[PDB]
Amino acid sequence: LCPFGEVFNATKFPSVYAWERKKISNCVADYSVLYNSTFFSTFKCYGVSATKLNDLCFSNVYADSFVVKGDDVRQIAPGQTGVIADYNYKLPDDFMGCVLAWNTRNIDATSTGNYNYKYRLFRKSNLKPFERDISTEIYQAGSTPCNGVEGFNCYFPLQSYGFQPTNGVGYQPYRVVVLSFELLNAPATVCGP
């Protein structure tokens, strides 16, 4: 009953800097579609067991979608300090969910080069857990002002991935879905039969 296919089998996936969020509640979750599949290449559940979660009840599930290269997938975990985990998507140290990812070279990589997927390279401070930043203001690393124009020590914050089919596995596009589980004061709204 839960719209899981609308998140996993979704056509367009967002950039990691502008990751999307879907709030799911009041349905019958069938997590067997996920862990009984060679489709997923990672599937690391932090805080819960990847198998025991099927007979467990929660309050709501937050499915976060984005795209990162293969070498950037290891940053989608509690306690990481890369570029994706610092300026794009930081998971909390007390994260209670599962991180699923799979290779999408045939879908997200073109021979001419897929430059659509972008990520934030520079930011003043780091990102608090589950924070989002869509600002395209010219990052200023030095003292001299940057106005709106680029130039000396004035850099555009967003950089774009280059997804060609000849890239190595570490540089191939992977679609990540971060299932975030939580329980408020009401603990039962979505559960497995």
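One-based numbering along the sequence shown.
When the mean C-alpha temperature factors of 30-38 and 63-71 are read from the deposited coordinates, 30-38 comes out higher. Here the stretch with the larger average CA B-factor, out of 158-166 and 48-56, is 48-56. Annotation for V177, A18, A10, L184: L184 ranks highest, by Cα B-factor. Sort the modelled residues of the chain by CA B factor and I134 lands in the lowest third.
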